[PDB]
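This report concerns only the one structure given below.
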Number of protein chains: 2
Amino acid sequence: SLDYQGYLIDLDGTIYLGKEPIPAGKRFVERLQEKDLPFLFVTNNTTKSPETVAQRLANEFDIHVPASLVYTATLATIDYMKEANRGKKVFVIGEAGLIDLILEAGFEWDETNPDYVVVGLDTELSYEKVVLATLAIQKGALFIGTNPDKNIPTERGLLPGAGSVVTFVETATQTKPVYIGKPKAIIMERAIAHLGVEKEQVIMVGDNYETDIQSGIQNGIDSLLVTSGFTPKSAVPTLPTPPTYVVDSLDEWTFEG
Amino acid sequence: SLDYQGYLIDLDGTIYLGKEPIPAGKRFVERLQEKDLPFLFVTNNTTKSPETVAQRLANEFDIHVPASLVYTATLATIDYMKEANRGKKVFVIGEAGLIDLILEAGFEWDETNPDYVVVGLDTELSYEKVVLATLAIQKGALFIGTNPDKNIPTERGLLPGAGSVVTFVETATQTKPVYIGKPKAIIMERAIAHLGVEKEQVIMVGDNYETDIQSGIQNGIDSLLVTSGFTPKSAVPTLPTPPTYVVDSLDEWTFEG
């Protein structure tokens, strides 16, 4: 080959659409595995840990990968917190797979004067929670947003996503948050860190234009769009900026070009 | 200097204010050179080449440094353009300095259908100019904003800055731009590369909280604030989040932590 030596891949909308799998998507992983190519999964979904994902992967879609190949926004979040080093105390709004991981990273749950206030998706959000966070932020805590996604795909349709919840807090505190997830650099920098190869020979693969393809454009990384998820192959034209490559199915992508 | 091994410093408002030099600023550099501590100047100012700056710095402020130690948003901009690797055609809005270096690189001036549309602050901005960019961006051109700062300080006061002009184009095209300068990652990822010392042992130094201090917290890099430029010592108390350190003169800072 001698083109792209490492691959960053989105999950939902790319490898599996809800509970229904993506044939091509699954063949895409096998070829990468078979050809011994380096690749990393990147998702802004913080509700599930790596282990929990690799399982759902090797249990509902027959894809077999170690949990280390699943790089989530939660990972880049603990990574940024450590790197920012503003103390151990933290307050969080999110599902367990976000709170558990963080606290397991060395931080301490603090609802009054935490050093950090991390906000992610929480389907059990309550007025009280954002009240805690608003007070915490007002006292100085650093406001962190897990990912800017305004919505999130479910069996009921497009529900409110991490992004929408973050904005709720942002509005109540008139404070811009530090976003971690795609298309922000933070998660991407860390991703390339794990992948193991440098940007010039790496390429972001995904179905969504707002998060996946932007991850590439925002950070100097080639992108490959697959019209199998969100953005239809109809919207390919009109897109503010074209992705490095456009394919209607990963089966049309050859690791030689 | 066990603590910080690499320094990133702002220029205007830190080393000098207009045509008047900041004594403490100069001594600051002298001590950094006497201790062999590596450092790198990083400014969002694009009106002059690193060479021009260094010359002025040496023959007008008695601060001797090779031009290679002056990293500009411009440099960061051309780096991004090449990294993005789209066409070579470009359309730009700004002062000669910005336009010249971009053209002096390997780009070609194209007002009709350029591959990139770079927008910076242009004091001779005209309606026609934003028209050309609007159209070009409508055709697919990647929209690039030099730096987000909304205003700019001058003899006359707080005038509209790069950020404002960018926003003007943004509204006409309803397209978000990719920002290059402080506090954005792009310029900082590049800044750290030239500095050579690893991120956790580097500290950003500056007078402006929103541009400099923020470039620090936004990218997981320690901050050092000097209440000498923009941000006064009175505002320090109400800041959204404090810089890693606050000082009222670079003199007060020693290289032992």
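How things are named: the first chain in the structure tokens is A, the next is B, and so on; residues count from 1 in each chain; ligands count from 1 in the order shown.
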
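Residues in contact range of residue 86 of chain B, defined as at most 12 Å between only C-alpha atoms, with sequence neighbours fewer than 3 positions away removed, read residues 217, 220, 221, 222, 241, 242, 243 and 244 of chain A; 78, 80, 81, 82, 83, 89, 90, 107, 114, 115, 116, 117, 140, 141 and 142 of chain B.
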
I need the residues from that last selection saved to file as a PDB file, in the first residue's frame (with C-alpha atoms), if you can.
```
ATOM      1  CA  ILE A 217     -10.635  19.154   8.869  1.00  0.00           C
ATOM      2  CA  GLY A 220      -5.100  18.372   9.822  1.00  0.00           C
ATOM      3  CA  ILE A 221      -6.099  14.784   9.208  1.00  0.00           C
ATOM      4  CA  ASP A 222      -7.455  13.264   5.999  1.00  0.00           C
ATOM      5  CA  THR A 241     -16.108  21.554   2.696  1.00  0.00           C
ATOM      6  CA  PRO A 242     -15.587  18.193   0.983  1.00  0.00           C
ATOM      7  CA  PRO A 243     -14.054  15.281   2.891  1.00  0.00           C
ATOM      8  CA  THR A 244     -10.773  13.887   1.507  1.00  0.00           C
TER       9      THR A 244
ATOM     10  CA  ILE B  78       0.437  28.440   6.285  1.00  0.00           C
ATOM     11  CA  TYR B  80      -2.297  24.394   8.552  1.00  0.00           C
ATOM     12  CA  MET B  81      -2.995  25.129   4.881  1.00  0.00           C
ATOM     13  CA  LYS B  82      -0.225  22.806   3.737  1.00  0.00           C
ATOM     14  CA  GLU B  83      -1.251  20.174   6.275  1.00  0.00           C
ATOM     15  CA  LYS B  89      -5.184  28.710  -4.767  1.00  0.00           C
ATOM     16  CA  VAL B  90      -5.897  31.209  -2.008  1.00  0.00           C
ATOM     17  CA  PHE B 107       0.270  29.695  -2.699  1.00  0.00           C
ATOM     18  CA  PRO B 114      -9.643  29.667  -4.465  1.00  0.00           C
ATOM     19  CA  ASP B 115      -9.145  26.579  -2.323  1.00  0.00           C
ATOM     20  CA  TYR B 116      -8.707  28.563   0.878  1.00  0.00           C
ATOM     21  CA  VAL B 117     -10.050  31.921   2.019  1.00  0.00           C
ATOM     22  CA  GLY B 140     -16.395  25.316  -1.477  1.00  0.00           C
ATOM     23  CA  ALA B 141     -13.320  27.235  -0.325  1.00  0.00           C
ATOM     24  CA  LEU B 142     -12.184  26.411   3.208  1.00  0.00           C
TER      25      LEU B 142
END
```

Check: Could you pull out all residues of segment 94-249 of chain B with a DSSP call of helix (DSSP H, G or I) and give them as number ranges by chain?
Finding: B: 96-104, 127-138, 162-173, 185-195, 199-201, 209-218, 236-238

Item to check | Residues within 9 Å of residue 247 of chain A, only C-alpha atoms, excluding chain neighbours under 2 positions, as a list in words | outcome: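 Near residue 247 of chain A, the qualifying residues are residues 224, 225, 226, 227, 228, 233, 245, 249, 250, 251, 252 and 253 of chain A.
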
Residue selection dump (C-alpha atoms) as a PDB file, in the first residue's frame:
```
ATOM      1  CA  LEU A 224     -13.171   9.524   4.540  1.00  0.00           C
ATOM      2  CA  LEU A 225     -16.964   9.932   4.580  1.00  0.00           C
ATOM      3  CA  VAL A 226     -19.338   6.958   4.371  1.00  0.00           C
ATOM      4  CA  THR A 227     -22.885   7.904   3.392  1.00  0.00           C
ATOM      5  CA  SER A 228     -24.280   4.942   5.387  1.00  0.00           C
ATOM      6  CA  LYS A 233     -25.074  10.695  -0.206  1.00  0.00           C
ATOM      7  CA  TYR A 245     -12.747  10.935   0.091  1.00  0.00           C
ATOM      8  CA  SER A 249     -19.841   1.759   1.427  1.00  0.00           C
ATOM      9  CA  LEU A 250     -16.565   0.874   3.154  1.00  0.00           C
ATOM     10  CA  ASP A 251     -16.368  -2.048   0.730  1.00  0.00           C
ATOM     11  CA  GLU A 252     -15.346   0.463  -1.911  1.00  0.00           C
ATOM     12  CA  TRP A 253     -12.331   1.529   0.129  1.00  0.00           C
TER      13      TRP A 253
END
```

| task | Find the residues near segment 25-32 of chain A: any atom within 9 Å, counting only C-alpha atoms, skip ones fewer than 2 places away on the same chain, and give them as a list in words. | result | residues 7, 14, 15, 16, 21, 22, 23, 34, 35, 36, 37, 38, 39, 61, 62, 63, 64, 249, 250, 251, 253 and 255 of chain A

From atom CA of residue 171 of chain A to atom CA of residue 109 of chain A the spacing works out at 23.7 Å

For this session: Name the closest residue to residue 131 of chain B among the candidates B:101, B:172, B:159, B:166; distances are taken between atoms, counting only C-alpha atoms.
Result: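 Residue with the minimum atom-to-atom distance to residue 131 of chain B: B:172.
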
All residues 12 Å or closer to segment 119-124 of chain B, only C-alpha atoms, same chain fewer than 3 positions away omitted, as a PDB file with C-alpha atoms, in the first residue's frame:
```
ATOM      1  CA  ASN B  44      -1.422  36.416  17.090  1.00  0.00           C
ATOM      2  CA  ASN B  45      -0.044  39.546  15.429  1.00  0.00           C
ATOM      3  CA  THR B  46       0.347  38.876  11.725  1.00  0.00           C
ATOM      4  CA  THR B  47       1.462  42.327  10.540  1.00  0.00           C
ATOM      5  CA  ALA B  73      -0.212  33.060  13.657  1.00  0.00           C
ATOM      6  CA  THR B  74       0.756  33.480   9.998  1.00  0.00           C
ATOM      7  CA  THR B  77      -1.745  29.476   9.219  1.00  0.00           C
ATOM      8  CA  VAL B  90      -5.897  31.209  -2.008  1.00  0.00           C
ATOM      9  CA  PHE B  91      -7.798  34.432  -1.335  1.00  0.00           C
ATOM     10  CA  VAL B  92      -6.849  36.509   1.723  1.00  0.00           C
ATOM     11  CA  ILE B  93      -8.174  39.457   3.708  1.00  0.00           C
ATOM     12  CA  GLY B  94      -5.612  41.328   5.784  1.00  0.00           C
ATOM     13  CA  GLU B  95      -2.463  43.393   5.919  1.00  0.00           C
ATOM     14  CA  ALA B  96       0.437  42.932   3.490  1.00  0.00           C
ATOM     15  CA  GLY B  97       2.460  40.930   5.984  1.00  0.00           C
ATOM     16  CA  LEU B  98      -0.198  38.237   6.204  1.00  0.00           C
ATOM     17  CA  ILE B  99      -0.870  38.228   2.476  1.00  0.00           C
ATOM     18  CA  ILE B 102       1.208  33.240   2.404  1.00  0.00           C
ATOM     19  CA  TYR B 116      -8.707  28.563   0.878  1.00  0.00           C
ATOM     20  CA  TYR B 127     -17.485  45.765   1.352  1.00  0.00           C
ATOM     21  CA  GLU B 128     -16.169  44.433  -1.948  1.00  0.00           C
ATOM     22  CA  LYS B 129     -13.548  42.345  -0.163  1.00  0.00           C
ATOM     23  CA  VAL B 130     -16.022  40.497   2.050  1.00  0.00           C
ATOM     24  CA  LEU B 132     -15.270  38.120  -2.875  1.00  0.00           C
ATOM     25  CA  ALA B 133     -14.695  35.937   0.169  1.00  0.00           C
ATOM     26  CA  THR B 134     -18.406  35.228   0.626  1.00  0.00           C
ATOM     27  CA  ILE B 137     -16.567  30.334   0.394  1.00  0.00           C
ATOM     28  CA  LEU B 142     -12.184  26.411   3.208  1.00  0.00           C
ATOM     29  CA  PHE B 143     -12.834  29.354   5.506  1.00  0.00           C
ATOM     30  CA  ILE B 144      -9.910  30.223   7.770  1.00  0.00           C
ATOM     31  CA  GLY B 145      -9.848  32.784  10.572  1.00  0.00           C
ATOM     32  CA  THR B 146      -6.470  34.040  11.784  1.00  0.00           C
ATOM     33  CA  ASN B 147      -7.487  34.615  15.408  1.00  0.00           C
ATOM     34  CA  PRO B 148     -10.793  35.012  17.369  1.00  0.00           C
ATOM     35  CA  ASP B 149      -9.959  38.191  19.310  1.00  0.00           C
ATOM     36  CA  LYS B 150     -12.940  40.502  18.787  1.00  0.00           C
ATOM     37  CA  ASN B 151     -11.104  43.751  19.442  1.00  0.00           C
ATOM     38  CA  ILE B 152      -7.605  45.204  19.062  1.00  0.00           C
ATOM     39  CA  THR B 154      -4.416  50.998  19.474  1.00  0.00           C
ATOM     40  CA  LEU B 159     -11.062  48.968  17.717  1.00  0.00           C
ATOM     41  CA  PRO B 160     -12.560  45.970  15.866  1.00  0.00           C
ATOM     42  CA  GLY B 161     -10.096  43.123  15.607  1.00  0.00           C
ATOM     43  CA  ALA B 162      -9.464  40.074  13.472  1.00  0.00           C
ATOM     44  CA  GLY B 163     -12.184  38.126  15.259  1.00  0.00           C
ATOM     45  CA  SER B 164     -14.801  40.696  14.302  1.00  0.00           C
ATOM     46  CA  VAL B 165     -13.903  40.702  10.621  1.00  0.00           C
ATOM     47  CA  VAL B 166     -13.946  36.919  10.607  1.00  0.00           C
ATOM     48  CA  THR B 167     -17.393  36.940  12.208  1.00  0.00           C
ATOM     49  CA  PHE B 168     -18.564  39.367   9.523  1.00  0.00           C
ATOM     50  CA  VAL B 169     -17.634  36.880   6.812  1.00  0.00           C
ATOM     51  CA  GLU B 170     -19.019  34.072   8.961  1.00  0.00           C
ATOM     52  CA  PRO B 177     -14.258  29.308  10.258  1.00  0.00           C
ATOM     53  CA  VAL B 178     -11.306  27.201  11.384  1.00  0.00           C
ATOM     54  CA  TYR B 179      -9.426  29.403  13.820  1.00  0.00           C
ATOM     55  CA  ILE B 180      -5.636  29.341  13.848  1.00  0.00           C
ATOM     56  CA  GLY B 181      -4.330  31.596  16.601  1.00  0.00           C
TER      57      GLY B 181
END
```

Near-residue 232 of chain A list (12 Å; only C-alpha atoms; drop same-chain fewer than 2 positions) as a list in words: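 In the requested form, the answer reads residues 13, 207, 208, 209, 225, 226, 227, 228, 229, 230, 234, 235, 236, 237, 238, 239, 246, 247, 248 and 249 of chain A.
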
Go ahead and dump the residues you just picked, N, CA and C atoms, as a compact mmCIF listing (two decimals), in the first residue's frame.
```txt
# COMPACT_ATOMS: atom_id res chain seq x y z
N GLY A 13 -23.34 4.39 13.54
CA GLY A 13 -23.54 5.01 12.25
C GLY A 13 -22.47 4.61 11.25
N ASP A 207 -19.36 8.30 9.47
CA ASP A 207 -20.60 8.49 8.75
C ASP A 207 -21.17 9.88 8.93
N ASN A 208 -20.83 10.50 10.06
CA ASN A 208 -21.32 11.84 10.39
C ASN A 208 -20.35 12.94 9.99
N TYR A 209 -20.87 13.97 9.33
CA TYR A 209 -20.05 15.07 8.86
C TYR A 209 -19.68 16.09 9.93
N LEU A 225 -15.55 9.96 4.21
CA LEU A 225 -16.96 9.93 4.58
C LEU A 225 -17.70 8.72 4.01
N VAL A 226 -18.55 8.10 4.81
CA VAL A 226 -19.34 6.96 4.37
C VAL A 226 -20.79 7.37 4.50
N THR A 227 -21.49 7.49 3.38
CA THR A 227 -22.89 7.90 3.39
C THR A 227 -23.87 6.84 3.90
N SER A 228 -23.42 6.00 4.83
CA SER A 228 -24.28 4.94 5.39
C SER A 228 -25.01 5.36 6.67
N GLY A 229 -24.51 6.41 7.32
CA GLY A 229 -25.12 6.89 8.54
C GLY A 229 -25.93 8.17 8.34
N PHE A 230 -25.74 9.12 9.25
CA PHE A 230 -26.43 10.40 9.22
C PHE A 230 -26.48 11.03 7.82
N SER A 234 -26.78 12.33 -0.67
CA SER A 234 -27.44 13.40 -1.39
C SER A 234 -26.79 14.72 -0.97
N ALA A 235 -26.55 14.83 0.33
CA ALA A 235 -25.94 16.02 0.91
C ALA A 235 -24.44 16.12 0.66
N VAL A 236 -23.85 15.08 0.06
CA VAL A 236 -22.42 15.11 -0.24
C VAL A 236 -22.09 16.44 -0.91
N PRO A 237 -22.91 16.86 -1.90
CA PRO A 237 -22.62 18.16 -2.53
C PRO A 237 -23.27 19.12 -1.54
N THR A 238 -22.88 20.39 -1.54
CA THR A 238 -23.46 21.35 -0.60
C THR A 238 -22.68 21.38 0.71
N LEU A 239 -22.03 20.27 1.04
CA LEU A 239 -21.24 20.21 2.27
C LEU A 239 -20.27 21.39 2.23
N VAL A 246 -14.97 10.21 -0.51
CA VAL A 246 -16.37 9.91 -0.27
C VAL A 246 -16.72 8.55 -0.85
N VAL A 247 -17.25 7.68 0.00
CA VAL A 247 -17.62 6.33 -0.39
C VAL A 247 -19.01 5.99 0.15
N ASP A 248 -19.82 5.29 -0.64
CA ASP A 248 -21.17 4.94 -0.20
C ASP A 248 -21.17 3.68 0.66
N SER A 249 -20.03 2.98 0.65
CA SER A 249 -19.84 1.76 1.43
C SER A 249 -18.35 1.51 1.64
```

Which parts of segment 29-179 of chain B does DSSP call strand (DSSP E) when run on the backbone here, written out as a short mmCIF file (atom, residue, chain, number, x, y, z; two decimals) with N, CA, C and O atoms, in the first residue's frame?
```cif
data_model
loop_
_atom_site.label_atom_id
_atom_site.label_comp_id
_atom_site.auth_asym_id
_atom_site.auth_seq_id
_atom_site.Cartn_x
_atom_site.Cartn_y
_atom_site.Cartn_z
N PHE B 39 12.97 29.01 25.07
CA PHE B 39 11.72 29.74 25.09
C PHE B 39 11.30 30.07 23.65
O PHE B 39 12.12 30.02 22.73
N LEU B 40 10.03 30.41 23.47
CA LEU B 40 9.53 30.72 22.15
C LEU B 40 8.46 31.80 22.17
O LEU B 40 7.48 31.70 22.90
N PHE B 41 8.66 32.85 21.38
CA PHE B 41 7.68 33.93 21.30
C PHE B 41 6.52 33.50 20.40
O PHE B 41 6.73 32.99 19.31
N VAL B 42 5.29 33.70 20.87
CA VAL B 42 4.12 33.36 20.06
C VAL B 42 3.11 34.50 20.15
O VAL B 42 2.60 34.83 21.22
N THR B 43 2.84 35.09 18.99
CA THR B 43 1.91 36.21 18.88
C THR B 43 0.83 35.96 17.84
O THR B 43 1.06 35.26 16.85
N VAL B 70 10.52 33.37 16.95
CA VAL B 70 9.32 34.19 16.91
C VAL B 70 8.28 33.43 16.10
O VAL B 70 8.34 33.41 14.87
N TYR B 71 7.34 32.78 16.78
CA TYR B 71 6.29 32.05 16.08
C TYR B 71 5.03 32.92 15.95
O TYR B 71 4.50 33.44 16.94
N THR B 72 4.57 33.06 14.72
CA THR B 72 3.42 33.89 14.38
C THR B 72 2.20 33.10 13.94
O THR B 72 2.31 31.96 13.50
N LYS B 89 -4.52 27.44 -4.55
CA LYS B 89 -5.18 28.71 -4.77
C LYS B 89 -5.66 29.27 -3.44
O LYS B 89 -6.17 28.54 -2.59
N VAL B 90 -5.48 30.58 -3.25
CA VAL B 90 -5.90 31.21 -2.01
C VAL B 90 -6.37 32.64 -2.22
O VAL B 90 -5.94 33.31 -3.15
N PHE B 91 -7.29 33.06 -1.36
CA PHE B 91 -7.80 34.43 -1.34
C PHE B 91 -7.63 34.88 0.11
O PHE B 91 -7.99 34.15 1.03
N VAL B 92 -7.09 36.06 0.34
CA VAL B 92 -6.85 36.51 1.72
C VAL B 92 -7.33 37.92 2.03
O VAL B 92 -7.29 38.78 1.17
N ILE B 93 -7.74 38.14 3.27
CA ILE B 93 -8.17 39.46 3.71
C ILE B 93 -7.30 39.86 4.89
O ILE B 93 -7.35 39.24 5.95
N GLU B 108 -1.10 30.58 -4.45
CA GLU B 108 -1.45 31.44 -5.57
C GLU B 108 -2.72 32.25 -5.34
O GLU B 108 -3.75 31.71 -4.94
N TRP B 109 -2.63 33.54 -5.61
CA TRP B 109 -3.76 34.47 -5.46
C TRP B 109 -4.91 34.17 -6.40
O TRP B 109 -4.76 34.25 -7.62
N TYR B 116 -8.65 28.07 -0.49
CA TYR B 116 -8.71 28.56 0.88
C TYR B 116 -9.01 30.05 0.85
O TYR B 116 -8.59 30.76 -0.06
N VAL B 117 -9.72 30.51 1.87
CA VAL B 117 -10.05 31.92 2.02
C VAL B 117 -9.59 32.27 3.42
O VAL B 117 -10.23 31.93 4.39
N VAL B 118 -8.46 32.94 3.53
CA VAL B 118 -7.94 33.30 4.83
C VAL B 118 -8.39 34.71 5.21
O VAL B 118 -8.14 35.65 4.47
N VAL B 119 -9.03 34.84 6.37
CA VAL B 119 -9.50 36.14 6.85
C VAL B 119 -8.80 36.60 8.13
O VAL B 119 -8.81 35.92 9.15
N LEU B 142 -12.29 26.60 1.77
CA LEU B 142 -12.18 26.41 3.21
C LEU B 142 -12.00 27.78 3.84
O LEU B 142 -11.13 28.56 3.44
N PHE B 143 -12.84 28.07 4.82
CA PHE B 143 -12.83 29.35 5.51
C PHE B 143 -11.90 29.32 6.70
O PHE B 143 -12.10 28.53 7.63
N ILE B 144 -10.88 30.17 6.68
CA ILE B 144 -9.91 30.22 7.77
C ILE B 144 -9.86 31.58 8.46
O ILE B 144 -9.77 32.62 7.81
N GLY B 145 -9.91 31.56 9.79
CA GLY B 145 -9.85 32.78 10.57
C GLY B 145 -8.52 32.82 11.30
O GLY B 145 -8.17 31.86 11.99
N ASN B 151 -11.59 42.38 19.50
CA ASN B 151 -11.10 43.75 19.44
C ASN B 151 -9.58 43.80 19.35
O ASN B 151 -8.92 42.77 19.46
N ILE B 152 -9.05 44.99 19.15
CA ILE B 152 -7.60 45.20 19.06
C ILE B 152 -7.28 46.59 19.65
O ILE B 152 -7.95 47.57 19.35
N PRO B 153 -6.26 46.69 20.51
CA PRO B 153 -5.85 47.95 21.15
C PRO B 153 -4.96 48.80 20.27
O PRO B 153 -4.07 48.30 19.58
N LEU B 158 -10.01 50.75 21.75
CA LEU B 158 -10.39 49.38 21.44
C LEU B 158 -11.15 49.32 20.11
O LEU B 158 -12.35 49.51 20.07
N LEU B 159 -10.43 49.04 19.03
CA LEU B 159 -11.06 48.97 17.72
C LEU B 159 -11.40 47.52 17.38
O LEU B 159 -10.99 46.60 18.09
N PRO B 160 -12.17 47.31 16.29
CA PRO B 160 -12.56 45.97 15.87
C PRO B 160 -11.35 45.15 15.42
O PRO B 160 -10.54 45.61 14.61
N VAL B 178 -12.24 28.00 10.60
CA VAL B 178 -11.31 27.20 11.38
C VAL B 178 -10.36 28.26 11.92
O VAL B 178 -9.72 28.97 11.15
N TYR B 179 -10.30 28.40 13.24
CA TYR B 179 -9.43 29.40 13.82
C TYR B 179 -8.01 28.88 14.00
O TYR B 179 -7.80 27.73 14.36
#
```

Computed gap from atom CA of residue 5 of chain B to atom CA of residue 201 of chain B is 5.4 Å
